Amino acid sequence: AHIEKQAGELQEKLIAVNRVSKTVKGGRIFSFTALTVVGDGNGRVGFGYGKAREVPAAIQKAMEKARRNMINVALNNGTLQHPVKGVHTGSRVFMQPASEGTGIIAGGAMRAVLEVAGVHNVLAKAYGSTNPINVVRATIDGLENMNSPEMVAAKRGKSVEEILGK
Amino acid sequence: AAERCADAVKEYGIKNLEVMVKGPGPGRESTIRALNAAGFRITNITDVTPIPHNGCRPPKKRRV
Amino acid sequence: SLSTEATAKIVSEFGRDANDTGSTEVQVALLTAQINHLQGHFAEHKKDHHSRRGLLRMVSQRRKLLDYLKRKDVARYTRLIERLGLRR
Amino acid sequence: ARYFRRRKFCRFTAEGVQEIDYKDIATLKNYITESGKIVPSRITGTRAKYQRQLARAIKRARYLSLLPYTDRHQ
Amino acid sequence: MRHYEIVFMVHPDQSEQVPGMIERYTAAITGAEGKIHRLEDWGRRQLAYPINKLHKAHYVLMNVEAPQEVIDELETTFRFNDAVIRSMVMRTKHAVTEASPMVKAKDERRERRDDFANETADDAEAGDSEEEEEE
Amino acid sequence: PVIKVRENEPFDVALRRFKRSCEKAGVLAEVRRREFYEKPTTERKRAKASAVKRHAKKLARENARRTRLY
RNA sequence: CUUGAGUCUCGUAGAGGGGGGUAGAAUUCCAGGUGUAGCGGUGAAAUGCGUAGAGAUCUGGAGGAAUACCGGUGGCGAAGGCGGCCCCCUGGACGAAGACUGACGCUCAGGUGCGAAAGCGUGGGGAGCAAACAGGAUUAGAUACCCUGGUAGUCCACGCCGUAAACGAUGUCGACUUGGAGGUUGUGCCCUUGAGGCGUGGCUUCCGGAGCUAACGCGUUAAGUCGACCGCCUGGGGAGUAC
């Protein structure tokens, strides 16, 4: 959709579901809230928070917001070379380049989100707020500037980007 | 209050009045109107209200 | 603030003979001369603390400019310090 | 043509009259009502210096009975 | 030296006191190598509020330069003069000793704003018609 | 503070507005209260603050027009 | 060396500090003159005060703090801090021309120096206001709430440990980052013609980009990018006490 990556069949990564009410003015609210991530195995920014009266409509709204006005991210499947010191709203992450030979430990659903993110190997334990909504921001702000070179010319690589600005 | 004093002084044989005003309280004009209803010309409404050069501290009133 | 006619005698007598105000010796001698003027106010006015703050600026800075000359030439220094009667 | 420099009604729309002088009676009376008293600085759009110095000069002048200090002195 | 613009005003009936006092004050100034750069008497004027009684005073502008040590003693002097009702002395900053801001207001006074009476005749011998001993 | 200066042709009602210039404010305004020395510098001097809401109100008349609600 | 910083005389803006001098006006008071019954207080009220003549008012004297407005989004001080008006003594800050030295720098544990306010020892001084102390009133009671009397204080001078909500609730001082415009000032240039424009410093404030924040918010005077060096915090109650 629009600028979205070369995605193929849907990612249906449901991360969370909740239900919220004031109940102040006419009995409770019945509507539900959903948080969903839609990627492609090669690295995406797709993250969508949406809501509707019952769960099936809540997820399908949330999944649209997971997929529209999302830029391509160019990592090579499971290797990434140039992360970011990831911060989102006090939930802070700090990945650095690393072998995939070493494995991944990560708790809850999270080793599963990270393996579809392509970022499992560079990953290191979260700090700051450990709230379900913001703990997963590893693949968004932590990739916001990146490269993943396969080229023998890795040591000319920043040179190559200047002479295009010339 | 003005119509009460203004009645009593006919016996002193006063026949004309002029007025001096001294304060911010109510009766700004209404006090004047009652001397003028006593049958006097009240052409000179001379505010002489003393503005001290910032005088003596007024009472605190309530303790909050 | 110091008198026009003292400032010109001080310049005549201190630093080199160029009658400049900038070198380290003439700058101690000018600072001293205001410090002394201000001590004239502090013959009275013993509760005038907000101006004493000012004294310690001029004093501290002279302390610094004395360290600087003594890090440099010792002839100028041993002369100057004895020549304004500073310290004991 | 150049260097005419402060003829009239230029730099400022309202002329600054005095700073700190009070020996002329007329310069103070430039900002003084018929009640015998200063007009506030918000209303006239006077520049703060000429006003700040006039605050001393006007009090000085009033104390020398060049002005009424008080409504009782009208 | 530094310039101090002293203005003082005098009770009409007491003006007769001042022609002996003023010439000692001028000798005390010049005795300190200061100067009288104008000495303008303005004539009688109406006070807004009385000071030591009467709504009228006679205003005298000395226009001194005197050293800083001396003016603190002269200022105390002019305020505690009884013939003087009140006095004010202004700063060295932004001062004229030429070209008087009251030159017109002075003349207007002698022409037009006195009483023209016996009680203001008393002022005029202490006024511009000034008499003083020679230094 | 009816003010001494007489309104042209004498009448029973004093024209209090056209006379007054700077009377009551600060001196006879903080009535039956404890008089402070430095407090007025922050308590009373609120002229700039009160001017902003009046600039905002006069802006929004034109903005109801630009949104087209009027 | 100047690219950091320092200094000479000159101008400029301001409530920075210490000690002197000075005026009128209401409460308050006294005296005489005039004159009769409430005055005061409040939500409504009563205590107080008063016929020895109150309250207010005319004339004149008395006395002590204070000095409103001008006072403004102003300006100043080291932070809190500074406001009657003047002088003596003097700081610190803002510009500008001639001229000099040339890292003499930065920060700062310990350190000396310094109080918003009241507390405070004696002398001076007291008009009003006021904790206490009395008495009124409030009410399921009422020390809180609300009223009347009324003292130390407040006011000066010197003296005693500098407390705090001691402010940017924002460390010090320095470098850099699209800006416009308000308030207002040094000074070059303007039919100076619109508290105006432009050149260049000055403090001061609204508005918002890059960036940063949980959020408000900050934004060229940062809460940004940073710089060196320092102070300080590490769950609550119990404790700013114990030692």
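Look above for the structure.
All residue numbers refer to a per-chain count from 1 along the written sequence rather than necessarily to the numbering of the entry. Residues that lack coordinates are not shown. A letter from A marks each chain and a number from 1 marks each ligand, given out in the order of writing. Each value given relates to the chains shown, not to the larger assembly they are part of. In computing side-chain values, all of the structure's heavy atoms are included and hydrogens and water are not.

**Concerning the overall build of chain B**
At step 1: Put simply, DSSP marks the helices as runs of H or I at least four residues long and the strands as runs of E at least two long, and each gets a number from the N terminus on. Per the secondary structure count, chain B includes two helices and two strands.
At step 2: Taken from the N to the C terminus, the helices and strands of chain B come in the order α-β-α-β.
At step 3: Computed over C-alpha atoms, the radius of gyration of chain B comes to 16 Å, more than 25% over the 11 Å expected from 2.2 N^0.38 for 64 residues, which places it beyond the range of a compact globule.
At step 4: With the principal axes as the frame, chain B shows a C-alpha extent of 50 × 25 × 20 Å.
At step 5: The buried label applies to any residue whose accessible area, calculated with a 1.4 Å probe on protein chains only, is under 20% of its type's maximum; exposed applies above 50%, and partly exposed to all values in between. Put simply, chain B has 64 residues, and 28% of those count as buried.
At step 6: Contacts were defined at the residue level, with two residues in contact if any of their heavy atoms lie within 4.5 Å. Here the analysis covers contacts within chain B between residues at least 6 apart in sequence; of these, 77% occur between residues at least 24 apart.
At step 7: Element-wise, carbon and sulfur atoms account for 54% of the exposed surface of chain B, whose accessible area totals about 4,700 Å².
At step 8: When charges are tallied, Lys and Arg are placed among the positive residues and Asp and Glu among the negative ones, while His and the ends of the chain are skipped. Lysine's charge is taken at NZ, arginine's at CZ, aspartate's at CG and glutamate's at CD. Taking the average place of the 12 positive charges on the side chains of chain B and the average place of its 6 negative ones, the gap between the two points comes to 15 Å. Only C-alpha atoms enter the radius of gyration, while the globule expectation follows 2.2 Å times N to the 0.38, with N the number of residues. Each accessible area is a Shrake-Rupley estimate made with a 1.4 Å probe; only the visible protein chains count as cover when residues are assessed.

**Observations regarding the side chain of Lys23 of chain D**
At step 1: Here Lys23 of chain D is to be found in the segment before α1 (41-44).
At step 2: By relative accessible area, which is 2% here, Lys23 of chain D ends up buried.
At step 3: What qualifies as a polar contact is a pair of N or O atoms within 3.5 Å, subject to a donor-acceptor requirement within protein and to the restriction that residues adjacent in sequence count only when both atoms come from side chains. A distance of 3.1 Å separates a polar atom in the side chain of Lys23 of chain D from a polar atom in the side chain of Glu5 of chain E.
At step 4: Contact partners of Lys23 of chain D, with chain neighbours within four places excluded, come to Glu5, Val7, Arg38, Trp42, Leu61, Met90, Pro101 and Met102 of chain E.

**Brief notes about the interface of chain F and chain B**
At step 1: Counting residues at the interface gives 18 residues for chain F and 25 residues for chain B.
At step 2: Buried area counts how much accessible surface, traced with a 1.4 Å probe, disappears from two parts once they are put together, with both parts' losses summed. For the pair chain F and chain B, the summed buried area comes to about 2,200 Å², and 55% of that belongs to carbon and sulfur atoms.
At step 3: When residues of chain F are sorted by the area they lose upon contact with chain B, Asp12, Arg32 and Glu35 of chain F head the list and together hold 29% of the total.
At step 4: Salt bridge, as applied in this entry: a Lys or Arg side-chain nitrogen positioned within 4 Å of an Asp or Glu carboxyl oxygen. Applying the counting criterion to the chain F and chain B interface returns two salt bridges.
At step 5: The closest approach of N and O atoms between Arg33 of chain B and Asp12 of chain F, which form a salt bridge, is 3.7 Å.

**Re the arrangement of the chains**
At step 1: Across the gap from chain A to chain D, with no contact made, the nearest C-alpha atoms are 46 Å apart.
At step 2: Nothing in chain A touches chain F; the tightest C-alpha to C-alpha distance between them is still 29 Å.

**Observations concerning the protein's contact with RNA strand G**
At step 1: Within the structure, RNA strand G sits among 118 residues, and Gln34, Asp48 and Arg53 of chain C, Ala1 of chain D together with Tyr4 of chain E are positioned closest to it.
At step 2: Of everything in RNA strand G that lies within 4 Å of the protein, sugar and phosphate atoms constitute 70%.
At step 3: Contacts to RNA strand G include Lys72 of chain C, whose side-chain N or O atom sits 3.2 Å from a phosphate oxygen.
At step 4: In this structure, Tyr37 of chain F approaches RNA strand G through a side-chain N or O atom, which is 2.8 Å from a phosphate oxygen.
At step 5: Note on residue classes: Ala, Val, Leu, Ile, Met, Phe, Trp, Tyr, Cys and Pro are nonpolar, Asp, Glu, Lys and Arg are charged, and everything else, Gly too, is polar. For the surface near RNA strand G, the residue count by class is 41 nonpolar, 34 polar and 43 charged. For this description, a residue counts as near a given molecule or strand if any of its non-hydrogen atoms is within 4 Å of it.

**So, the interface of chain D and chain B**
At step 1: Residue-level contacts link five residues of chain D with five residues of chain B.
At step 2: Considering only the side of chain D, the residues that lose the most area to chain B are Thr70, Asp71 and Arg72 of chain D, jointly responsible for 70% of the buried surface there.
At step 3: At the boundary of chain D and chain B, one finds zero salt bridges.
At step 4: At the boundary of chain D with chain B, the tally comes to three residue pairs in polar contact.

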